[PDB]
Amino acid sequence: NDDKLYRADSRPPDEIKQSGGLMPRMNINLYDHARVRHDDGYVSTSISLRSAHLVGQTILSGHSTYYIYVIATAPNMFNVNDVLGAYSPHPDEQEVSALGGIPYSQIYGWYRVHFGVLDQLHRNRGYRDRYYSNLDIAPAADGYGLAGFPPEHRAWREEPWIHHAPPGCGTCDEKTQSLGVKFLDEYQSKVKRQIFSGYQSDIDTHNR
């Protein structure tokens, strides 16, 4: 559906364009990521504007100017509390994390924050509404296996992760890494199909 998420980020729109989106600080580990959050292969977002604004008030209180990016939902996202469960270390954050970050086209727009005061929404030309509105967050069952607990952690011997335990878990970290790399490769590939197919919908065979 057309749900939106929000992230305070000191990186300006021009940089976001040049980077191809909002990128993580490549190690990909949700557990490690959760312990504005952008380490270990994921980029954090909030389920509301006011939430993201507050996160930025305390974390980016120090930057004359930062931004609150408005982001569509898609299957690169995980509800952290659903995936980590009882072992979610900061579950008050109500976090939805983007594995490999947020591609530019998934960004609907951004607000400018200047000296703590939020502006005045700027729409992203790279955004694709019909594509992203027909997409949702990844179900937690796609994330249980990428949870990324240590091989010794009690989660891998407990439900639901017991049935999604990567080999060596319960090289465990080796497999957590390669499963995330594989997921990100497959995800990015779908997004480039969408954007780059659009970029080639000008081709007209007959005219030459």
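So that there is no doubt, residue numbering starts at 1 and follows the sequence shown.
Missing coordinates between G170 and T171 amount to 4 to 9 residues of the deposited sequence. A chain break between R50 and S51 is not present, all residues of the deposited sequence in that interval being modelled.
According to the PDB record, 108-116 carries the higher mean C-alpha B-factor of the two stretches 108-116 and 125-133. In this entry, the higher average B-factor at the C-alpha atoms falls on 182-190, of the pair 196-204 and 182-190.
The entry assigns its greatest Cα B factor, within the set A155, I68, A141, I28, to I28. Per-chain ranking of the deposited C-alpha B factor places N81 in the lowest third. The entry lists a Cα temperature factor for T58 that places it in the highest third of the chain's modelled residues.
Sorting the modelled residues of the chain by their CA temperature factor places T45 in the middle third. Compared with the other modelled residues of the chain, the Cα B-factor recorded for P91 ranks in the highest third.
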